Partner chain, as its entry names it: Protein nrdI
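Below, in structure tokens: the form solved without its partner chain, a single chain.
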């Protein structure tokens, strides 16, 4: 029995709060003047251009996954009808995220190079392993593990890729592309918060023992994904001196992802020190 949704009978105020934040933050890549980044693109080295296309084809795969499988997988596990609606928004915005990378490619890049980057991503072992691990949990029968995977993906792992446009922005390059990426981040910070909140709400009703099992699992999964992401970073950033900074940015964001789920930070300051210029690029 389907019943008419009633937004004047909210069970959890957070659903309305997040519905309003996400919907009022609607954007499309056409709203960003990406074409003004052409001169800056022309100042990048061939290696830097290749890196940018590989970073973005990787993010395209992962946002496609979030649209096709990730957000839909959370729908059967909603606590409220309003959460179901918010999840439909989240799924749609993942499609916008994925679409936006094509907007960047169309504006700035040569088709032959973009296609090479897509092929590179298809054959990249750590990227594919990441996709496989996350999908495995989305396809599984444990609702709580799906939420852990989603938060780790877009509040943590994505930041190996997000680092790059923030770095360019800090150098005065690809500033419009950086604006677009900040719109994606503005969504993902809220997605991680909300999905993490709902994880904790779900946990309120499970047993003490299962809570302990899930925390140990979250740790296991974080460490596995982290080690894999270090390998991905090494392979992506190979022809640059930037891998250490990317890794620090990963650790910094891993702490945020953990906190979204209600867990304490795992990464000490020494491992999570982000260049102030990068942090400034995130919050201009």
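Numbering follows the first chain given and starts at 1.
The stretch 134-142 shows the higher mean C-alpha B-factor when 158-166 is compared against 134-142 in the entry.
Legend: mean Cα B-factor per stretch from the PDB entry, 110-118 versus 92-100; the higher mean is in 110-118. Per the PDB record, 236 has a higher Cα B-factor than any other of 236, 53, 59, 28.
Residues shown: 250, 47, 257, 221. Highest C-alpha temperature factor in the entry: 47.
When the CA B factors of the chain's modelled residues are split into thirds, the value for residue 228 lands in the middle one.
For residue 16, the recorded CA B-factor ranks within the middle third of the chain. Only modelled residues enter the ranking. In this PDB entry, residue 127 carries a Cα temperature factor that places it within the middle third of its chain's modelled residues. Ranked within its chain, residue 172 lands in the highest third, by CA B factor from the PDB record. Among all modelled residues in its chain, residue 24 ranks in the middle third by Cα B-factor.
One more form of this protein exists, namely the form deposited with its partner chain bound; it is left out here, but the text below deals with it.
The stretch from 226-234, 239-247, 43-51, 252-260 that comes within 4.5 Å of its partner chain in the entry with it bound, counting heavy atoms only, is 252-260. Taking 133, 74, 214, 185 one by one, only a single residue has any non-hydrogen atom within 4.5 Å of its partner chain in the entry with it bound, and it is 185.
Proximity of residue 144 to its partner chain in the entry with it bound falls outside the 4.5 Å heavy atom cutoff. A residue is said to contact a partner when one of its heavy atoms sits within 4.5 Å of a partner heavy atom; residue 159 meets this definition for its partner chain in the entry with it bound.
In the entry with it bound, residue 168 stays away from its partner chain, with no heavy atom inside 4.5 Å. Not displayed here, its partner chain is approached by residue 20 to within 4.5 Å at the level of heavy atoms in the entry with it bound.
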